Amino acid sequence: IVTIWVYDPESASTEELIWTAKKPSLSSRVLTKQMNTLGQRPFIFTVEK
Amino acid sequence: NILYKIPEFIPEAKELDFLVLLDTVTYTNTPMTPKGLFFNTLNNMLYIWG
């Protein structure tokens, strides 16, 4: 099970830059819901098949 | 239901054009005077002006 959100490397927390986070920060949460309103959804695509 | 609390003072933006109004910002000293609001129902846009 993978959990995905959107984050901005300039206005992110310290954990999200070294890949040790579990819960989105305030900037990442607000940006994620703002991009969700505009109609953005991620999907995972396997390469070999 | 309450939707927003308009801040008393306008924020500061030295070189920025858009500012996503979070809970951690810096305010100036000039007061903020809201005069009206406008809703666009074709694209679901809200504007507050003053």
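Residues numbered from 1 in each chain as written, not as in the entry; some residues may be left out. Chains lettered and ligands numbered in written order. Part of a larger assembly, values for the part shown. Heavy atoms only, no water.

Per the PDB record, this model was obtained through cryo-EM at a reported resolution of 3.9 Å.

## Overview of the overall build of chain B
A count of helical and extended segments in chain B gives 0 helices and 4 strands. When the elements of chain B are put in sequence order from the N terminus, they spell out β-β-β-β. For a compact globule of 50 residues, the expected C-alpha radius of gyration is about 10 Å, and chain B comes in at 13 Å, more than 25% above that figure. C-alpha atoms of chain B, sized along the principal axes, occupy 35 × 20 × 20 Å. The buried share of chain B, taken over its 50 residues, is 4%. Restricting the contact set of chain B to residue pairs at least 6 apart, pairs at least 24 apart contribute 9%. (Helix = DSSP H or I, 4+ residues; strand = E, 2+ residues; numbered from the N terminus. Rg over C-alpha atoms; globule rule 2.2 N^0.38 Å. Buried < 20%, exposed > 50% of the residue type's maximum accessible area, 1.4 Å probe, protein only. Contact = heavy atoms within 4.5 Å.)

## What about the overall build of chain A?
Each helix and strand counted, chain A has 2 helices and 0 strands in total. Projecting the C-alpha coordinates of chain A onto the three principal axes gives extents of approximately 35 × 25 × 20 Å. Expressed as a percentage of the 49 residues in chain A, the buried residues total 8%. Just so you have it, chain A exposes about 4700 Å², and 61% of that area is on carbon and sulfur atoms. (Areas by Shrake-Rupley, 256 points an atom, 1.4 Å probe, with all protein chains shown as cover.)

## Comments concerning the packing of aromatic side chains
All names here are of chain B. In total, this model carries 1 aromatic pair over all chains according to the counting rule given. On the basis of an interplanar angle of 25 degrees and a centroid distance of 6.3 Å, the ring pair of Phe-38 and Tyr-47 is categorised as stacked. By relative accessible area, which is 46% here, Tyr-47 ends up partly exposed. (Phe/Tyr/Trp six-rings, centres within 6.5 Å; stacked < 30°, edge-to-face > 60°.)

## Re helix α2 (residues 26–37) of chain A
The terminal C-alpha atoms of α2 of chain A lie 17 Å apart, and with 12 residues this matches the ideal 16 Å at 1.5 Å per residue to within 8%. Just downstream of α2 of chain A lies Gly-39 of chain A, where phi reads positive at about 100 degrees. (Expected span 1.5 Å × (residues − 1).)

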